[PDB]
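Asker: Before anything else, here's the structure in question.
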Amino acid sequence: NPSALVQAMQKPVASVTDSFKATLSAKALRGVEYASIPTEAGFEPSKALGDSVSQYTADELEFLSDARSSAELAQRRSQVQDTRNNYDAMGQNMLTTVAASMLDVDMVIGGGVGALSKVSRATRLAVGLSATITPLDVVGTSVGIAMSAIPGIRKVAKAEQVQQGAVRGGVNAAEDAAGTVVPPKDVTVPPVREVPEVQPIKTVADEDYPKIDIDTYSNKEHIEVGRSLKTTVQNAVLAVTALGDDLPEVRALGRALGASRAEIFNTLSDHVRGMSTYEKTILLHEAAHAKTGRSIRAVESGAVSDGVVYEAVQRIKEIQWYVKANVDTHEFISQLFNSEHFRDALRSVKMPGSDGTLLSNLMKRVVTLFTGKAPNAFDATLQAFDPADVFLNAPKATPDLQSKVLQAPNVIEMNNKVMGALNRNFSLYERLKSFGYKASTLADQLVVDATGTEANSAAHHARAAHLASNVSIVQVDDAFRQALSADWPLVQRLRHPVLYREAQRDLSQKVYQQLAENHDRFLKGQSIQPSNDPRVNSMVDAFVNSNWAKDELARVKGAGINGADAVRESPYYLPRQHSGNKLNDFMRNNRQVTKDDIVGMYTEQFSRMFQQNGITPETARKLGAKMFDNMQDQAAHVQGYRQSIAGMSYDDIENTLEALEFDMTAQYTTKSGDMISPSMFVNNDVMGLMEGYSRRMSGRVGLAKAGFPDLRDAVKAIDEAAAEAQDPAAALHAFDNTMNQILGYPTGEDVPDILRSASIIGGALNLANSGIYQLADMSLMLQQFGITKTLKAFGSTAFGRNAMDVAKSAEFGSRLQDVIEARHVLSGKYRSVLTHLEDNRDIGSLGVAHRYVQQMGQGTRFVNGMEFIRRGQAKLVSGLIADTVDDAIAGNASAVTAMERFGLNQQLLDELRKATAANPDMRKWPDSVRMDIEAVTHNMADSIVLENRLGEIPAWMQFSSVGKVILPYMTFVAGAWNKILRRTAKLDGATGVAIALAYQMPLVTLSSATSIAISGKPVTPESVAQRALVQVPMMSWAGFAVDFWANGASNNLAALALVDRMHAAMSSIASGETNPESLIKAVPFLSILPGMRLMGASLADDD
Amino acid sequence: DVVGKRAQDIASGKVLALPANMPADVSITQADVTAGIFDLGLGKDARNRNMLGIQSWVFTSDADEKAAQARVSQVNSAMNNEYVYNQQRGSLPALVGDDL
């Protein structure tokens, strides 16, 4: 009874997750490697572990509770063990665990076993060790070490020398044998000479590796000697006295001081030996400034009330006060040293309260300070008070940086140059402001990421909104993968690449059709019913519970974005569009149907739709013809804004009327008697229809919150701003290109999405003293290493020659650059080839996939990585075809006689030459000859893929000079792959970050080399390495690592979540706080260096 | 008694999980061939009492050595594939080293 009152009046116990904050805490970034495992009905991770739950550290349990089936749990329990084994070795040295927080890719990108726990432990360790004298310096130095170890390279060896060395082993290692079998009484020499079976290999220290060191003394008082070796004052002084036999018997003063900062010499026992007697006395004279360390402690409450020193400080401050009336402590104390007549001034006065000159008693207390022995050594300092390269230096603003391109004379220029090399956006924001004043105001509303105010640009809000969508797109992506996990094991996918693609098109059609019924039934108050195919029910369920459909309709209504209330809502909603690809592909197989029929088809619909408004027949035909002209533009990716300003960009009738309801079942009849209907040309895929909608709606929502809820005034504000600069034409083009990028339209260039980079602008001073510049400088030197090794590798191989040489020639370098950059393929005439290759073949078509499926670990890290290479190779092939077609049209006979192998004839060529002459722009081919040259190219595209598999040059391609560089490429890369797997043999994260760079680095090198030559300057490795930085700054290199780790919707979460974690830390730093947590979080680009080491060094190894 | 104790020791999760890559100590080398592995016991033909199928057992040329060297690597690759397949499905037994 009474115990009821006690519990009735208590307060409820807190949750068991309110504690453990900063340890438990985003599941998508942790289950990428297990995505394609089917779910198990009624599985429960807690009920399956049973008694075993008592052997984990409260975060391993967090990582283990995500299992959805027995196999997933079995694999997670395996990964947790490798995670322990890796960190056991690194625990041998405390400092190395501090640098593990910034250099383990699994922990900084995603997929590791706990990330918060490691960071929250590294911060505590860094704080503890400092009790390299402040917590920031411990973080800074922990990475300077662990990266300065010069690597060793393999080299061929002579067999005899190695065998001699190995024979001196065994001997010198068998003298410890007891020899109780076959005693010495029974030994004899064998009648034949033996020889061991060692391999002929050496090891040699590398020569091009840089000598990396970190500066940690700029922001503190320090002593420079001979203006390297770094030591402390209390260490240097002792060495001077010991090796100081040539000093006046001053030596006792040195001994006394040695028992009482940072020092740098530009082997310690010999540095002091190479000094004259005079200098090494000035070294002690400046070391007598030890007072500063003690003046500070008596201003702060460190030396609370300790006698002697506390009284000496008070009676020095009293004298400091006295001199003002009758004739901070640091300046007075410094003047006592660094001047002559100042001392003479104090001699001509006696104290008002004791015997002795004012100067005499002042010195009495300095000895108490820099010695600490209470109140005879005054004679020594008196005589030490009577040009050398030793000085005492106050803190300076600009650190010492080793890289060439970062040095600047003042703090503003250095800050401007540092941020340029990290983020792409900064150099764009800078270039926008040169267009006068109106541009400057408008620039702040589009691209900047303000750190000190609420009003923030449109790109920031769009980035913030685009994460919410992807958190729900992923849950549906993982359901599609699981629906085909059975019936298609990895081995089968590699054999039948073409057919595998249809297994997805079938499910997409089924699910899309199923979601149409349940929407129309929901909207009319009827009842929903399930289907009889078990996959469709699961796919639909994963869609309703995803919940993004209502979220988007709620968000878009926020801020009232134009005519958005007209839309209707339901959990099964899905937009509607036509597809220009399905129209062309259908019109290719059938040639009885011509343009004359599609326009008539749409005319019938348009005439019936607007009957009540008295639509005259002429307008019906005009609208029918303008639904075809702007449908071809959709397939070729030549659209842009300024054509969808009336409303939103997802209605097919508004976009047709703005340019000056469909039955979808009514059947039309063509000339040949074939029947046709508009349903055949509707879009069907789901994911490609979800991402497109989400990306553009995020861009519209972000733009509204910046102050432009409707684009009509957004256009006007640009037209008015451009008419202020000296060249209005360029400014308008720049702003149009920026707006197209923000809204998510194809600009035709090959660049990463604008949302993936930040434009932080804020306090220059606070950033400099945080120490970020030193860490940015280090990561920028290692580029020299990789690029130098790549240039050497090109210089070595025969294929590297003539390939590094075509790039210099003005006759061909320009075309090779265009082929690498994919500038003729991404949009315009030729995109049909890229579309056909992109979504009609699988990883099994590479050929290289078969050759490595068993060395590489046969897991997800193989398939996830191979898509990146597919999407790399398709662009090269398409660019080669595009180049060799224009060359043929130009007049090169040797190309024409190879073009005709696939079906050209005089009739097509004459018309093509005629058409090209009238108009060289040609955003698209004319309707008269479209369907023939289009088929000619597609036939070629297929053939090359079959003959080129091995990495060989087909016989009929011997004419093309540029093709000699592209076709054999994949054999060159395979060489680097073999050497890396001969060094690690695992394919873990560090190996992936090396393979991706091994594939992607050389193309950048060739493009940059071509770019430098045409500008009439010499091409040296340093020049190439510096020019590469203005194409792919550091934060874009990490983009490739993410691209090789995850694919599709899961990529966006990781790529975006790194940037905000950087902005949120630099904002806090700029405000005035420098918590080491902030420094750790503020440099996510530093993760790829250890992976860089493996690739960079591996290119020097012998075969 | 040993079996009974081991069963309920396994049931309690006292055994560490194996890595994702097979341990180096599980591979087969010449020292294991000398130890007597691949011995098939009694048989009719000389070729049918060694699992590798080599005939010469008294005087052997280098051609037999090359075939043996290739076949050892073949068996190692087969074992690696089997181990990977078993590990991925989460069906590996509670054994280590020589037992595995």
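Those protein sequences? They're chains D and E, same order as listed.
With the UniProt record's numbering as the guide, the letters of the first sequence map in order to residues 38 to 62, 67 to 172, 185 to 280, 288 to 309, 311 to 321, 356 to 361, 367 to 427, 446 to 493, 496 to 506, 515 to 788, 820 to 1262.
With the UniProt record's numbering as the guide, the letters of the second sequence map in order to residues 504 to 603.
Idealized CB from N, CA, C, for every residue including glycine.
Could you check the C-alpha separation between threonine 994/D and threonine 1096/D for me, to the nearest Å?
Answerer: 12 Å
Asker: Identify every residue that forms a DSSP beta bridge with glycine 205/D.
Answerer: Answer is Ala258/D.
Asker: Please determine, among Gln603/D, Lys566/D and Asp1042/D, the residue with the shortest C-alpha to C-alpha distance to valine 992/D.
Answerer: Minimum Cα-Cα distance from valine 992/D among the listed residues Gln603/D, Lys566/D and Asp1042/D corresponds to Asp1042/D.
Asker: Who does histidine 275/D pair with in a DSSP beta bridge?
Answerer: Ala357/D and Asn521/D
Asker: By the DSSP assignment, the beta strand (DSSP E) with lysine 290/D in it spans what residues?
Answerer: 289-291
Asker: Short of 7 Å in beta carbon distance, which residues of its chain neighbour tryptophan 1196/D, apart from the five on each side in sequence? Order them along the chain.
Answerer: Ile1247, listed in sequence order.
Asker: Is the beta carbon of residue 509/D sitting closer than 7 Å to the one on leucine 157/D?
Answerer: Since the model of chain D includes 506 and then 515 but nothing between them, residue 509/D has no atomic positions to report.
Asker: Say yes only if the C-beta of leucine 1109/D is nearer than 6 Å to one or more non-hydrogen atoms of the ligand SAH, and no if none qualify.
Answerer: Absent from the structure shown: the ligand SAH. Ligands present: none.
Asker: From this set, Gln740/D, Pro204/D, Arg1082/D and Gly218/D, which residue's C-alpha is nearest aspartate 259/D's C-alpha?
Answerer: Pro204/D
Asker: Whole angstroms are fine: how far does the CA of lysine 1240/D sit from the CA of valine 160/D?
Answerer: 9 Å
Asker: Cβ of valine 505/E less than 7 Å from any chain D Cβ?
Answerer: no
Asker: Kindly list, in the order they appear in chain D, the residues whose Cβ is closer than 7 Å to that of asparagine 524/E.
Answerer: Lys1145
Asker: Name the one or two DSSP bridge partners that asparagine 553/E has.
Answerer: Beta-bridge annotation (DSSP): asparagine 553/E is paired with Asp542/E.
Asker: On the DSSP bridge list, what partners appear for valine 841/D?
Answerer: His706/D
Asker: Identify the residues that DSSP records as bridge partners of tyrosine 827/D: which are they?
Answerer: Assignment of beta-bridge partners to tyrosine 827/D by DSSP yields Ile835/D.
Asker: Taking the straight line between their C-alpha atoms, what separation do you get for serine 857/D and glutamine 942/D?
Answerer: 36 Å
Asker: Taking the alpha-carbon of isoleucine 920/D as reference, which of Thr569/D, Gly580/D, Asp964/D and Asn899/D has the nearest alpha-carbon?
Answerer: The alpha carbon of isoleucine 920/D has as its nearest neighbour, out of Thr569/D, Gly580/D, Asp964/D and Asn899/D, the alpha carbon of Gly580/D.
Asker: Of the residues that make up the stretch 565-595 of chain E, which ones have a beta carbon closer than 9 Å to any beta carbon in chain D?
Answerer: For chain D, the residues of the stretch 565-595 of chain E that bring a beta carbon within less than 9 Å of one of its beta carbons are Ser580, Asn583, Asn584, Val587, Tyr588, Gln590, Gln591, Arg592, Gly593, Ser594 and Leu595, in chain order.
Asker: Rounded to whole angstroms, what's the CA-CA distance from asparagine 718/D to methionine 1090/D? Just pull it up for me.
Answerer: Taking C-alpha positions only, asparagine 718/D is separated from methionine 1090/D by approximately 11 Å.
Asker: Relative to the C-alpha of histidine 385/D, which candidate in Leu303/D, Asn456/D and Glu400/D has its C-alpha closest?
Answerer: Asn456/D
Asker: Can you tell which of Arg1060/D, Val1055/D and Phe1061/D has the C-alpha that lies nearest to the C-alpha of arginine 1072/D?
Answerer: Checking every option, the nearest Cα to that of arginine 1072/D belongs to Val1055/D.
Asker: So, is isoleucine 1028/D buried or exposed, given that buried needs 16 or more other C-beta atoms within 10 angstroms?
Answerer: buried
Asker: Measure the Cβ-Cβ separation of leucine 1140/D and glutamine 1017/D and say whether it is below 7 Å.
Answerer: no
Asker: Say whether chain E places a C-beta atom closer than 7 Å to the C-beta of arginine 1030/D.
Answerer: Closer than 7 Å: no.
Asker: Can at least three beta-carbon pairs, one atom from the stretch 1179-1196 of chain D and one from the stretch 105-118 of chain D, be found at a separation below 8 Å?
Answerer: With a cut-off of 8 Å, the stretch 105-118 of chain D and the stretch 1179-1196 of chain D do not count as touching, because too few Cβ pairs lie within range.
Asker: Can you pull the chain E neighbours of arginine 118/D, defined as C-beta to C-beta under 8 Å?
Answerer: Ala520
Asker: Taking the C-alpha atoms as reference points, what is the distance between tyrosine 904/D and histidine 765/D?
Answerer: 8 Å
Asker: List the whole-angstrom C-beta distance separating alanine 212/D from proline 253/D, where the pair is believed to meet the contact cut-off of C-beta under 8 Å.
Answerer: 5 Å
Asker: Which residues of chain D have a Cβ atom closer than 9 Å to the Cβ of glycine 516/E, listed in chain order?
Answerer: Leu90, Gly91, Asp92, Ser93, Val94, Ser95 and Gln96
Asker: Looking at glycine 1151/D and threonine 1130/D, is the spacing between their C-beta atoms short of 7 Å?
Answerer: no
Asker: So that I know if they touch, is there some Cβ in chain E lying closer than 7 Å to that of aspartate 615/D?
Answerer: Output row for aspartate 615/D: interface = no.
Asker: Check whether the Cβ atoms of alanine 677/D and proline 658/D sit closer than 7 Å, and answer yes or no.
Answerer: Result no, Cβ atoms of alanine 677/D and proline 658/D do not sit closer than 7 Å.
Asker: Do the stretch 298-307 of chain D and the stretch 975-986 of chain D meet, that is, are 3 or more Cβ pairs less than 8 Å apart?
Answerer: No, the stretch 298-307 of chain D is not in contact with the stretch 975-986 of chain D.
Asker: Determine the closest residue to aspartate 1262/D out of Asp147/D, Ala210/D and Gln47/D, with distance taken between C-alpha atoms.
Answerer: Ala210/D
Asker: Could you confirm whether any beta carbon from chain E is found closer than 7 Å to the beta carbon of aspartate 713/D?
Answerer: Against chain E, the CB of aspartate 713/D has no partner CB under 7 Å away; the residue lies outside that interface.
Asker: Kindly give me the distance between the Cβ atoms of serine 77/D and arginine 609/D, rounded to whole angstroms, as I take these residues to be in contact under 8 Å.
Answerer: 5 Å
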